[PDB]
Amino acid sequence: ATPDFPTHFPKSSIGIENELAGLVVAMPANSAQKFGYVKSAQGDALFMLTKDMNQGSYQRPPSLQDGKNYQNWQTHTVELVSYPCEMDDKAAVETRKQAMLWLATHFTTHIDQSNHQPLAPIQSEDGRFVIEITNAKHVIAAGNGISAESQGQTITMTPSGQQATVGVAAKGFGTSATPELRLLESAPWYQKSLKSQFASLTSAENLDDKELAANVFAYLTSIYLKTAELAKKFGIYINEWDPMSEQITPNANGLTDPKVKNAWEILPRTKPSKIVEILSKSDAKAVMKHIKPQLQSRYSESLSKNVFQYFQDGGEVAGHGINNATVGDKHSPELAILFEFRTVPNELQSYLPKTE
């Protein structure tokens, strides 16, 4: 079994995703995404081996007929998904990049001498890295996995196949305290002006934590307003809101549609309703009550009510979120909120392995 990601980090955390070029993985239909992982010889889990983009049904080449059953098997691209580490942990970041580059060289040899065969759980020649296979019911094949033989491909990685995910303490968003927080706050959807706006609205209110309430208000309002902008731009059905009722032609297959995810640029990966927990019951009520007019002064009543209710009932920005991640003290953990960089910016390029 592939170990689950660790959920707790002392400070800000980072994970990476790297889709490989030059090969496919073929597996039975409806298989689990994870088929293995690479760890250090010391035992530290570095990254998972996963199936990513469905490339069609797998057809075992006739010249490689082995009496085995490959019925209903599907071909997918391979994506290497790191186990998160601390953003300032240089050795952990570097070991992940080196282990990914080593595995690409190991894949290059595998498609040359063992094409259309599963990856074997081996140790690297230098003893640094160990492959563990959690699903033996798979094969690795060069190119698109149609031909028995490769085109002598070198297994590679590129910025177009790369993402980075940053986790920070939820209470930090809007404080601009660290370079990571400042990079996240530069997200085009984030409206820092909403912080001072909340303060003006709540002068007569005796709030338990005014600065924290203002930060949460700005973060949530920015997400709710951006969701409404995207639902209108792409014609997305949100709860009971019908884009066709506002003469908008549906133009995406929901919130999880890759082009909708790309429009966020810095994609929230945590369920928005979780942040309410960092506030007192009273402060959370004051924040929530003030969001509704922000939507209603910009969007129709129906779109405003549907976006508000969707996120209130625990709606996700773009499918299954990372909602159990924590930061700070291990004994008294605080909520961490995660963000996916759809395109890795210059500031995070050093966290990604480069073939060249």
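Numbers follow the displayed sequence, beginning with 1.
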Please compare 40 to 48 with 296 to 304 and name the stretch with the higher mean C-alpha B-factor in the deposited structure. 40 to 48
Mean C-alpha B-factor comparison - 73 to 81 and 198 to 206, higher one: 198 to 206
Based on the PDB record, which member of 213, 220, 104, 263 exhibits the highest Cα temperature factor? 213
Quiz for you: based on the deposited Cα B-factor, which of 180, 229, 112, 242 is highest? 180
Third of the chain's Cα B-factor distribution that residue 26 belongs to, per the entry: lowest
Select lowest, middle or highest to describe the third in which the CA B-factor of residue 18 falls within its chain in this entry. lowest
Relative C-alpha B-factor of residue 192, binned into the chain's lowest, middle or highest third: highest
In terms of its chain's C-alpha B-factors, the third that includes residue 108 is the lowest
Third assignment of residue 238 from its chain's C-alpha B-factors: middle
